[PDB]
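S.K.: Residue numbers (the deposited numbering), protein chains in the order written: chain B, 63 to 203; chain A, 61 to 161, 166 to 204.
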Ligand code: HEM
Ligand code: HEM
């Protein structure tokens with residue numbers, strides 16, 4: 063039920079900022095993954111990847127210190143861990159925390175803006191707003 | 061609900077800045093149409109004090125509440141449902157309003177280039193309103 067809500071927010075973000083891929087992870091205070099929702103990857107590829115993210119690399123960075131982050135090439139970030147086998151290669155990156163004041167619960171993130179360009183300042187503002195709505199949904203589950 | 065309040069203010073702020081509106085507001089109501097939340101941007105405290113009473117959601121805003129559908133207007137005061145601005149309320153012309161869904169209305173006025181709001185503006189603002197709907201629906 064919560065996941066369907068989170069899935070709508072991802073869908074809205076992905077569509078509005080013209081991203082090829084979008085996802086949201088929600089974690090407990092031990093930073094164990096509770097929910098993982100996404101758009102842009104089909105089921106056969108998901109099976110081939112074979113395991114859910116644990117929130118490492120750049121996502122781990124966002125989980126460690128929740129702050130908006132935009133990168134031209136996520137794989138060049140020093141915190142990058144690299145993609146697992148069969149995971150689509152992704153380059154441009156936009157990530158923002160899913161939170162309320164007292165607490166950060168997760169990360170909403172988008173990759174590979176379909177115009178081949180980096181995500182914009184407006185993209186970031188837009189996704190922060192949708193993330194805030196998601197934060198309310200999570201804090202109230 | 062501080063958290064909800066903060067989210068609705070961020071959503072109004074994002075809508076207002078993203079479509080370059082001079083003014084932005086959101087009203088939230090129950091099914092009896094009493095005002096639960098009213099959030100706004102672009103008017104200073106001194107002017108708010110002069111206006112005095114909060115909107116009851118009448119005129120064109122009332123229309124959006126009764127029949128929830130996006131509405132873009134070149135001149136809000138020329139709409140036949142228009143009730144007019146109260147004393148000391150800034151006059152406003154161009155208008156973009158969309159239902160928050166329906167729990168309310170997100171609306172913007174006076175795009176700063178003087179032009180009507182665009183199709184893209186409407187799409188952007190309806191998405192933000194949908195987000196506000198989620199925030200409200202998952203409140204308190
Ligand atoms: C569809 C939207 C998706 C996006 C935008 C996305 C994005 C990313 C990013 C940015 C990284 C970090 C790369 C780095 O730090 O070098 C990553 C890693 C990873 N991804 Fe995805 N991914 C998506 C889908 C998926 C899916 C569907 C799965 C599995 C079911 C998955 C599993 C993983 C795993 C296992 C890692 C390794 C790090 C970790 O375990 O957290 N991803 N992804
Ligand atoms: C800052 C963003 C604001 C916007 C975009 C906005 C927009 C509008 C518009 C377009 C109308 C005319 C409706 C019609 O003629 O049918 C209206 C009416 C009205 N406004 Fe505002 N307004 C804003 C702020 C405020 C504030 C701060 C107050 C009071 C403190 C206020 C109080 C009222 C009242 C009392 C009415 C008469 C109708 C009603 O009660 O709903 N407005 N508003």
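From the three backbone atoms N, C-alpha and C, an ideal C-beta is built for every residue, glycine too.
Cβ of residue 195 (chain B) within 8 Å of Cβ of residue 141 (chain A)?
M.R.: Against a cut-off of 8 Å, the Cβ pair of residue 141 (chain A) and residue 195 (chain B) comes out as no contact.
S.K.: Under 8 Å between beta-carbons, which chain B residues line up against residue 77 (chain A)? List them in chain order, please.
M.R.: The contacting residues are 187.
S.K.: Who does residue 157 (chain A) pair with in a DSSP beta bridge?
M.R.: According to DSSP, residue 157 (chain A) bridges with A:131 and A:171.
S.K.: Does residue 200 (chain A) come out as helix, strand or coil in the three-state DSSP assignment?
M.R.: The answer is helix: DSSP assigns residue 200 (chain A) an H, G or I state.
S.K.: Count the C-beta pairs between the region 144-162 of chain B and the region 111-123 of chain B that are closer than 8 Å, then say yes if the count reaches three, no if not.
M.R.: Enough Cβ pairs lie closer than 8 Å, so yes.
S.K.: Which stretch, first to last residue, makes up the alpha helix (DSSP H) that contains residue 163 (chain A)?
M.R.: For residue 163 (chain A), nothing is modelled; it lies in the interval where chain A passes from 161 to 166 with no residues in between.
S.K.: For residue 91 (chain B), which three-state DSSP category applies?
M.R.: Looking at residue 91 (chain B) - three-state DSSP - the assignment turns out to be coil, as it is neither helix nor strand.
S.K.: Taking DSSP as the reference, what is the three-state secondary structure of residue 84 (chain B)?
M.R.: Correct three-state label for residue 84 (chain B): strand.
S.K.: Using a Cβ-Cβ cutoff of 9 Å, what residues of the region 170-202 of chain A are near chain B? List them in chain order.
M.R.: Residues passing the 9 Å Cβ filter: 187, 188, 191, 192, 194, 195, 196, 197, 198, 199, 200, 201 and 202.
S.K.: Per DSSP, what kind of secondary structure is residue 142 (chain B) in: helix, strand or coil?
M.R.: Residue state, collapsed to three classes: coil.
S.K.: Can you give the beta carbon distance from residue 83 (chain A) to residue 102 (chain A), rounded, assuming they're within the 8 Å contact cut?
M.R.: Indeed they touch by this definition, with Cβ atoms about 4 Å apart.
S.K.: According to the neighbour-count rule (16 or more other Cβ atoms, all chains shown, within 10 Å of its Cβ), is residue 89 (chain B) buried or exposed?
M.R.: With 16 or more other Cβ atoms within 10 Å, it is buried.
S.K.: In terms of DSSP beta bridges, what is residue 166 (chain B) paired with?
M.R.: Beta-bridge pairing links residue 166 (chain B) to B:161.
S.K.: Nearer than 7 Å: is that true of the beta carbon of residue 113 (chain A) relative to any heavy atom of ligand 2?
M.R.: Under cutoff, so the answer is yes.
S.K.: Between which two residues does the alpha helix (DSSP H) carrying residue 137 (chain B) extend?
M.R.: Careful: residue 137 (chain B) lies outside any alpha helix (DSSP H) and carries neither H nor E.
S.K.: Are the beta-carbon atoms of residue 182 (chain B) and residue 191 (chain A) separated by less than 8 Å?
M.R.: Cβ distance not < 8 Å, so residue 182 (chain B) and residue 191 (chain A) don't count as in contact.
S.K.: Taking the alpha helix (DSSP H) that residue 182 (chain A) belongs to, which residues open and close that run?
M.R.: Taken as a continuous stretch (DSSP letters only), residue 182 (chain A) belongs to no alpha helix (DSSP H), as it is neither H nor E.
S.K.: Nearest to residue 166 (chain B) by CA position, among B:67, B:86 and B:72, is which residue?
M.R.: The candidate whose alpha carbon is nearest that of residue 166 (chain B) is B:86.
S.K.: Are any of the Cβ atoms in chain A nearer than 8 Å to that of residue 142 (chain B)?
M.R.: Chain A, which has no Cβ nearer than 8 Å to the Cβ of residue 142 (chain B), makes this no.
S.K.: Work out the CA separation of residue 99 (chain B) and residue 68 (chain B) for me, nearest whole Å.
M.R.: Their backbone Cα atoms lie some 7 Å apart in a straight line.
S.K.: Who are the Cβ neighbours of residue 145 (chain B) in its own chain at under 8 Å, not counting the five residues just before and after it?
M.R.: Excluding sequence neighbours, residue 145 (chain B) sits near 137, 151 and 152.
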